[PDB]
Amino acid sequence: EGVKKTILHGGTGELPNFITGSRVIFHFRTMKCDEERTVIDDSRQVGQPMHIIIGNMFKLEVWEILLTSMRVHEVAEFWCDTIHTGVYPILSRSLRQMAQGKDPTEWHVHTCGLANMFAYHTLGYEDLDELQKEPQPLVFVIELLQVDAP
C-alpha cells in the first residue's frame, strides 16, 4: 500500500523468474505529481538503461517490489506515496554519479561527496535539494527490458 500501479503497455509472456541474484534491466522516468509531470530523472535521456540485481527475493527493496511485478516489455506507471520518496534524492544523486563514471562507493568519490554535503549542505544538484526540502509523492514510469539469472 501507498502505491497504485497502472500498466501502460502490456508485456510479452508470464512473470519472469525474479529469483535472488537476477539481473533486472530497465528504463525509468521519475516525475513529480505536478500537473506538468516535471521530470526529475529519465534513464533514456542519459542513454543507457538501468541495471540492478535482486538482493534477496524474500526481503525486497521498494524498487524490487515494483520491478518484480512486471513482465518483459511491460511499461507500467507507479504512483508512490510520500512515505516512499523521502530517500529518492539520495538514491538519485548516487545514480547520477554512476552515470558520470564516478563510483559512489569508491574512496575518493564517497569522501568528496560527504565532505561536500557536510560543508555546503547539498546533495550536489539543485533539484534533488528542492525535492528533499519539500516531501511529496512521485511517479515512476518503468519499462522492463530484460531479466537474466545468476
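In this text, residue numbers run from 1 along the sequence as written.
As the entry records it, the average C-alpha temperature factor is higher for 47-55, out of 47-55 and 113-121. The PDB entry reports B-factors from which the mean C-alpha value can be compared for 66-74 and 104-112; the larger average falls on 104-112. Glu134 sits in the highest third of its chain by CA B factor, as recorded in the PDB entry. Sort the modelled residues of the chain by CA B factor and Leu128 lands in the middle third. Sorting the modelled residues of the chain by their CA temperature factor places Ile25 in the middle third.
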